[PDB]
Amino acid sequence: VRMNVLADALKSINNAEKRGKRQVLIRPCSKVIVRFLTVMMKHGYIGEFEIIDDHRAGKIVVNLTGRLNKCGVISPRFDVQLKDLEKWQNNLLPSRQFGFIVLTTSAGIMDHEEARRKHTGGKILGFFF
Amino acid sequence: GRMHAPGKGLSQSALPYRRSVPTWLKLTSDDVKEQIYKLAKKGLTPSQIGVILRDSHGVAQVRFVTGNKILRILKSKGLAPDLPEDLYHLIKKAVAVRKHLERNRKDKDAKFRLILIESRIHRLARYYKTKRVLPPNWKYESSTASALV
Amino acid sequence: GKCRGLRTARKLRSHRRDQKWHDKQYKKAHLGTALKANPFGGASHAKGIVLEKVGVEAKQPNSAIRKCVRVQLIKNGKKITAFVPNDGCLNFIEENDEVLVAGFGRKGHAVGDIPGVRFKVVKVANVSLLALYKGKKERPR
Amino acid sequence: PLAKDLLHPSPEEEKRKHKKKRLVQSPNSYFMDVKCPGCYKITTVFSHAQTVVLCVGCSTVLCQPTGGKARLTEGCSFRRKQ
RNA sequence: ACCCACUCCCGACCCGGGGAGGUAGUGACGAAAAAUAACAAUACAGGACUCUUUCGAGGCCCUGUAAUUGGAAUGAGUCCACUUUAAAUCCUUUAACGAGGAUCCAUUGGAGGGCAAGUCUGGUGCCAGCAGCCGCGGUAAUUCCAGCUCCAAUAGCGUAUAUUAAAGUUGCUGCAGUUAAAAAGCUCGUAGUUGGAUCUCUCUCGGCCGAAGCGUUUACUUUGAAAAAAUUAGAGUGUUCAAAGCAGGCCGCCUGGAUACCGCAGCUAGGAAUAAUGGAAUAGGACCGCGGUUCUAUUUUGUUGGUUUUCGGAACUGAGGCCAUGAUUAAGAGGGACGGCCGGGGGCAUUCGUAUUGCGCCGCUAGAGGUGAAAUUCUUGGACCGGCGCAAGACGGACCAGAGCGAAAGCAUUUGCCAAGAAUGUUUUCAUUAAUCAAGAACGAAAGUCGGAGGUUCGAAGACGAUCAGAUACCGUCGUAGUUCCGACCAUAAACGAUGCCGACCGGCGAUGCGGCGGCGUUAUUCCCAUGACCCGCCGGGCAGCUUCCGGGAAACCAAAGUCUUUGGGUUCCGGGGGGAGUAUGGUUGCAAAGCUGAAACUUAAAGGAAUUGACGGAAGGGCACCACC
Ligand SMILES: [Mg+2]
Ligand SMILES: [Mg+2]
Ligand SMILES: [Mg+2]
Ligand SMILES: [Mg+2]
Ligand SMILES: [Mg+2]
Ligand SMILES: [Mg+2]
Ligand SMILES: [Mg+2]
Ligand SMILES: [Mg+2]
Ligand SMILES: [Mg+2]
Ligand SMILES: [Mg+2]
Ligand SMILES: [Mg+2]
Ligand SMILES: [Mg+2]
Ligand SMILES: [Mg+2]
Ligand SMILES: [Mg+2]
Ligand SMILES: [Mg+2]
Ligand SMILES: [Mg+2]
Ligand SMILES: [Mg+2]
Ligand SMILES: [Mg+2]
Ligand SMILES: [Mg+2]
Ligand SMILES: [Mg+2]
Ligand SMILES: [Mg+2]
Ligand SMILES: [Mg+2]
Ligand SMILES: [Mg+2]
Ligand SMILES: [Mg+2]
Ligand SMILES: [Mg+2]
Ligand SMILES: [Mg+2]
Ligand SMILES: [Mg+2]
Ligand SMILES: [Mg+2]
Ligand SMILES: [Mg+2]
Ligand SMILES: [Mg+2]
Ligand SMILES: [Mg+2]
Ligand SMILES: [Mg+2]
Ligand SMILES: [Mg+2]
Ligand SMILES: [Mg+2]
Ligand SMILES: [Mg+2]
Ligand SMILES: [Mg+2]
Ligand SMILES: [Mg+2]
Ligand SMILES: [Mg+2]
Ligand SMILES: [Mg+2]
Ligand SMILES: [Mg+2]
Ligand SMILES: [Mg+2]
Ligand SMILES: [Mg+2]
Ligand SMILES: [Mg+2]
Ligand SMILES: [Mg+2]
Ligand SMILES: [Mg+2]
Ligand SMILES: [Mg+2]
Ligand SMILES: [Mg+2]
């Protein structure tokens, strides 16, 4: 059965971007998905998206700009401390000039640079570059 | 897909977006409640009550009109089945297959289907035990299966 | 595929050790039959008494006679065929004399032409074979 | 393909799609107002009715169950509600 | 071997003792530093640099045969004396002696490739030998035995063995399972693992704070505390440098002997995203006041005393008011209903069809059978053939399809009964009930094993006849077990899609089976709506097909075998060079045959997969020739 809706959303947007499409629809949606899409927003990788309210679970129509190389999930959602963040970004990111690791800390959902700024660790969700 | 069959079908009801009662529906919540009560006295499960109300009396969702689901309505006033209707129907099916089997001993498809039905019955019974609908000592027995139904 | 859940550590570890048992080198090193069957008993070298000089046929593509010796290890009495490396070196060995034997180079596996031979003579009568071959020392009397 | 607006689906292809596969799922059924040949007064009927709907004010059978949409009795007229 | 001189310990002790310990001896375990020459002049292979016109000139700079010269500098040694030390030795310091083959003489491994450096010379001649591997050697050996030369490291360098990296060849990161080794025959199912949306601190005490709870509990994250030294990282510090050490610096002073790190578990205080968990649905509810029931601590009160109440505290409680009184959604999750269907799905009974074999009768009959050719074989005690009937068992042709059904094995004459089932339809119902599965279960082709019944055909074995050099076979004749049914075992197949199951995304096209939704127009009918048969579309679940630069792959090929170094959706089984070997042994199941589990010794440099060229073929097609034919 379907588990970890975030993985399905990220796979759908990744496959749509590999195919060159300008919009992708993701279903089901979630608050975790929306926060991940917003952190992807603030760095210019995705573009504007819109939530459709079906009374069961919303859908998301995501506009796509060709700037997205990869976006994926890391399951299981392992706990990451400040010390191990360097190892995680060395493993996942393609460079130190660009790319982001997304994590849930008690401060919210954000990229690894903001987590370094706020001096908080958490649980890894995924990555995009 | 199906729990006990290879098939993976997509066939179900699609409730509409609007949760408001239609204007043409002149029935009140109390009228729907009394209709439900007398239908239960006639000896129908909540499923049949919903089908009859939808087909003849023009109500789409009883929960939509009365703000409450059918089984909760029946249990609230008192006349509700001792064990849940889906479990009852599963037990009835198992009893029927067993009755067919005891005379047709050579049937091997019936034995397999019976085992599948018993597995479904056990899963449902354990779920209902965890939700305290059934007493913890409640167990499925082939000898008393016909007695239960 | 492999299990990936957060609580799967025991499954992963048990599977890894069970499958580790299917590795040739790991099973050889950890089962204990190889060490028991090893004539050297896990030692790098051994000492033996020369039983007889023997000539072993080289394997088919090349024709030669490899000069070896049958030795009886002192520490366990096992009998072994050991290769005497250089030429004329068989003339440095006599019957019923002390010889220090080492491995041949591949962990108890036969080397090159010589079939079923995994030991080579290093010392004869407490003087090195290389010293005798190069004239640095002579055979004690 | 490529640049196809998923936000603003066209009504024709939205009806073309499966009921559960639309932007928002909308059932294909409806409620009908059925008038008997002789009885002056109407009855509310489900389009995909699974029961033999009897006239509440008579003995006439209004519709017969089928695989999909229920079959109205010959002569019994009907109008779509809403 | 020497000594309690240092570090410390013991005793009654400032005093004695200590093979603890220290100091030497042996010591290529290992680590640090570091000689085996430097320079000048010649002479030049000489070279660059330089003008000139080639020589030449260019005498600026570099290198080297330099058994050419030349003086300078030294420590390895020998050895006084100090210094060192408990006494010494060593090191350091200093006299004297101490270098031209500066003979005061560097070795260990190599020179085909891997891998740096000779297809130079002599010897051997598949011998001797080398060779970790591929290989070299059979009279011209780049590989052996040597000479010369060369190169790698160098006071060190080979060899054997354990182990680490190489090994993404154990794969958590991060491997594989169609054909290379590999997915259980199929389904159910306990444990395990994983699991869809959803919800933005105050009332009392003490001096506005300090206190008190408890907000359901955590996991997680950050902080704080507690955590031996040595080692590791690291700050300072010229041991002559360095490995070290914890010392040292200034003209009595000055200054170190830091800091970090220390999983896990246990303490501590912030955060509240994520992830579990609970809070009212027999109201076994919250809050306000009420009233009650009971027991009880003290107020009473200069005091005594007297005293039961009051107050306070509880538990047990009954009527009230109030809560906007309390149930999120109904998943392109899953059960269960309901409706019309649908299908070689299964069981029981029943029915039909020829054919085969045999029997009875009738006709004419000399052959009939078998084969490449025959023989074995049945035949005037009528064989074969033709006709009419009877019987016994087996089997359901053509229709029959890259069609349907079933979990898989598997499933096809008619009809009836029985219980099943997927998909479709659905504004029904429950409300997470789910996915995959150690243990444990059901089924499981054929063959085979025990009992019965039946035994037509076919037919292992067997007996013959042929063929062949031989035939214990291929061909033929007969023919036992079996093949058939019932009841018990067996649980194995190339049980195959040689491709686990669940879920999402990613191209087209035409068909096809089932269900539903539409639409002209033809047919059953003759007119009525129907409902069937076609025709044109749509949706959903299936068996598939074609196509495609989706993308993958060693490729064949795959729309999954794609969405993989841009490596993580969940989860089961399982592989790790080829043999030995699915063998031995132990266990377990079985009447048995056998099933399941399942090694090691030893052996070996390949075995293997896809694909390309040839060669070959007793495979298929063409074409040619009087050294073919007609
Ligand atoms: Mg299942
Ligand atoms: Mg002392
Ligand atoms: Mg003393
Ligand atoms: Mg000692
Ligand atoms: Mg000495
Ligand atoms: Mg050594
Ligand atoms: Mg050293
Ligand atoms: Mg000296
Ligand atoms: Mg040399
Ligand atoms: Mg040589
Ligand atoms: Mg080499
Ligand atoms: Mg080279
Ligand atoms: Mg070697
Ligand atoms: Mg060589
Ligand atoms: Mg290793
Ligand atoms: Mg590595
Ligand atoms: Mg591999
Ligand atoms: Mg294979
Ligand atoms: Mg399979
Ligand atoms: Mg389970
Ligand atoms: Mg969740
Ligand atoms: Mg420490
Ligand atoms: Mg240090
Ligand atoms: Mg801790
Ligand atoms: Mg639903
Ligand atoms: Mg004759
Ligand atoms: Mg006849
Ligand atoms: Mg037929
Ligand atoms: Mg099992
Ligand atoms: Mg069975
Ligand atoms: Mg069978
Ligand atoms: Mg049989
Ligand atoms: Mg029998
Ligand atoms: Mg026969
Ligand atoms: Mg014979
Ligand atoms: Mg035969
Ligand atoms: Mg098998
Ligand atoms: Mg298989
Ligand atoms: Mg159809
Ligand atoms: Mg139509
Ligand atoms: Mg279709
Ligand atoms: Mg991978
Ligand atoms: Mg499996
Ligand atoms: Mg192997
Ligand atoms: Mg046994
Ligand atoms: Mg097994
Ligand atoms: Mg091939």
Side-chain angles (χ1 to χ4, degrees), chain A residues 1-5 7-8 11-12 14-15 18-19 28 30 32 55-57 69-70 72-77 79 81 91 94 104-109 119-123 129, chain B residues 1-3 5-16 45-48 50-51 54 60-61 68 70-72 84-86 89-90 96-97 100 104 106-113 115-116 119-120 123-124 127, chain C residues 1 3-5 7-8 11-12 16 19-20 22-23 33 37 43-45 62-64 86-87 102-103 105-106 111-112 122, chain D residues 16 18 20-21 27-29 48 50 65-69 74:
Chain A
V1 283
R2 163 192 273 119
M3 311 142 183
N4 187 279
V5 187
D8 297 5
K11 269 290 182 180
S12 310
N14 184 47
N15 283 20
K18 275 177 188 178
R19 209 82 174 75
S30 106
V32 172
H55 276 310
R56 305 102 168 119
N69 290 306
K70 183 81 175 254
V73 96
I74 291 293
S75 167
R77 317 234 263 239
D79 38 53
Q81 309 197 26
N91 268 325
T104 57
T105 65
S106 298
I109 294 197
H119 195 71
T120 77
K123 277 140 181 291
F129 58 90
Chain B
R2 293 322 117 219
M3 188 213 261
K8 295 166 298 192
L10 196 146
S11 212
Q12 39 189 144
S13 326
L15 274 180
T45 69
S47 314
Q48 330 192 231
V51 187
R54 174 194 78 224
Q61 291 293 118
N68 207 265
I70 297 189
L71 186 58
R72 280 175 179 168
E85 79 63 29
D86 45 26
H89 281 120
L90 274 183
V97 195
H100 164 95
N104 297 162
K106 227 149 172 313
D107 205 337
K108 315 245 183 166
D109 185 64
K111 188 178 187 176
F112 178 79
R113 304 305 159 170
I115 295 167
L116 295 205
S119 322
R120 268 197 248 99
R123 285 145 155 255
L124 204 33
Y127 157 66
Chain C
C3 38
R4 254 199 288 259
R7 284 185 209 51
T8 40
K11 176 74 181 277
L12 294 179
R16 174 53 55 233
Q19 288 319 291
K20 218 174 205 188
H22 284 137
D23 194 3
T33 32
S44 69
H45 308 157
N62 37 19
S63 325
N86 281 104
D87 86 6
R106 336 164 39 186
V111 177
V122 169
Chain D
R16 181 177 65 83
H18 187 270
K20 275 267 187 198
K21 278 180 203 213
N28 278 324
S29 52
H48 304 66
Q50 309 156 8
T66 53
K69 231 175 271 180
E74 320 93 308

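Note: hydrogens, waters and symmetry copies are ignored here, and every other heavy atom, side chains too, is used. Letters A, B, ... are given to chains in the order of the sequence lines, protein chains preceding strands, and every chain is numbered from 1.
- At a cut-off of 3.5 angstrom, counting only N and O atoms as typed in the model, there is a donor on one side and an acceptor on the other between the side-chain of A:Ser106 and the base of E:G271.
- E:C264 shows a glycosidic angle within 90° of 0 and is accordingly assigned syn.
- Between B:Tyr127 and the phosphate of E:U432, there is a side-chain N or O to OP1/OP2 separation shorter than 4.0 Å.
- Among the protein residues, D:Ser29 comes within range of the nucleic acid bases, having at least one heavy atom under 4.0 Å from a base atom.
- Using a 90° window around 0 for the glycosidic torsion, E:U365 falls outside it and is classed as anti.
- Using the sign of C1'-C2'-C3'-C4' as the criterion, E:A242 falls on the north side of the pucker cycle.
- Ranking E:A442, E:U567, E:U170 by closeness to the B:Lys111 side chain, first place goes to E:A442.
- Annotation: side chain of A:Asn4 is in contact with side chain of A:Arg77 (closest heavy-atom distance under 4.5 Å).
- The nucleotide whose nearest atom lies closest to any side-chain atom of D:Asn28 is, among E:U426, E:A333, E:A601, E:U426.
- At the heavy-atom level, A:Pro94 lies nowhere under 4.0 Å from the strands shown.
- In this structure a side-chain-to-backbone donor-acceptor pair under 3.5 Å is missing from C:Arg106 to C:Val111.
- In this structure E:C385 is paired with E:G363, meeting the Watson-Crick or G-U wobble definition at both distances under 3.5 Å.
- If you check every strand for non-hydrogen atoms under 4.0 Å, B:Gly50 touches sugar and phosphate atoms only.
- Looking at heavy-atom distances under 4.0 Å, A:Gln81 makes contact with sugar-phosphate atoms alone, never a base.
- Side-chain contact between B:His89 and B:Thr45 is present, with at least one heavy-atom pair separated by less than 4.5 Å.
- Residue A:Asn69 is in base contact, counting any heavy-atom pair closer than 4.0 Å across all strands shown.
- Using a 4.0 Å heavy-atom cutoff across all strands shown, B:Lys108 reaches sugar-phosphate atoms only and no base atom.
- Taking only side-chain atoms of A:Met3, from C-beta outward, the nucleotide of E:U563, E:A128, E:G195 with the closest atom is E:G195.
- Nucleic acid contact class of B:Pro46 (heavy atoms, under 4.0 Å, all strands): sugar-phosphate only.
- When heavy atoms are screened at a 4.0 angstrom cut-off, C:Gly1 is found touching base atoms of the nucleic acid.
- Distances from the side chain of A:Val1 to the nucleotides E:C517, E:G332, E:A435 place E:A435 closest.
- The bases of E:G575 and E:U426 do not line up as a Watson-Crick or G-U pair with both contact lengths under 3.5 Å.
- Comparing E:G568, E:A333, E:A337 by their nearest atom to the side chain of B:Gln48 picks out E:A337.
- Judged by Watson-Crick or G-U wobble contacts below 3.5 Å, the nucleotide E:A31 has no partner.
- In this structure, A:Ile74 reaches the bases: a heavy-atom distance under 4.0 Å links it to at least one base atom across the strands shown.
- For the pair E:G336 and E:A337, the rule of 5.5 Å between ring centres and 30° between base planes classifies them as stacked.
- A close approach under 4.0 Å does occur between a side-chain nitrogen or oxygen of B:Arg2 and OP1 or OP2 of E:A423.
- Base stacking is present between E:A229 and E:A230; both the centre distance of their six-membered rings (under 5.5 Å) and the plane angle (under 30°) fall inside the limits.
- Across all strands, C:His45 comes closer than 4.0 Å to base atoms (heavy-atom distances).
- The side chain of A:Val5 has E:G196 as its nearest neighbour among E:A435, E:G196, E:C188.
- Nucleotide E:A439: unpaired (no Watson-Crick or G-U wobble partner with both distances less than 3.5 Å).
- The environment of NZ in C:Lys20 is sparse: at most 12 heavy-atom neighbours from other residues, nucleotides or ligands sit within 6.0 Å.
- Here B:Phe112 counts as stacked on E:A407: its ring centre is under 5.5 angstrom from the base ring centre and the planes meet at under 30°.
- Nearest to the side chain of B:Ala96, among E:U428, E:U426, E:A420, sits E:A420.
- No donor-acceptor contact under 3.5 Å links the side chain of C:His22 to the base of E:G575.
- For E:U142, the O4'-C1' to base torsion is within 90° of 0; the nucleotide is therefore syn.
- A:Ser75 comes within contact range of at least one nucleobase, with a heavy-atom separation under 4.0 Å.
- Across all strands, A:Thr105 comes closer than 4.0 Å to base atoms (heavy-atom distances).
- Evaluation of atom-type donor-acceptor distances gives a pair under 3.5 Å for the side chain of A:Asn15 against the base of E:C505.
- Contact annotation: A:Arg56 side-chain N/O to E:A331 OP1/OP2 distance is under 4.0 Å.
- In this structure, of E:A333, E:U426, E:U563, it is E:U426 that holds the atom nearest to the side chain of B:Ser13.
- With E:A419, E:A128, E:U221 as the candidates, the nucleotide lying closest to the side chain of B:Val97 is E:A419.
- Base orientation for E:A167: syn, the chi torsion being within 90° of 0.
- Within the 4.0 angstrom heavy-atom criterion, only backbone atoms of the sugar-phosphate kind lie near C:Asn86; the bases stay farther away.
- Residue B:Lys106 is classed as a sugar-phosphate contact, given heavy-atom separations below 4.0 Å to backbone atoms only.
- Between C:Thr8 and C:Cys3, the closest heavy-atom pair is CG2-CB, 3.8 Å.
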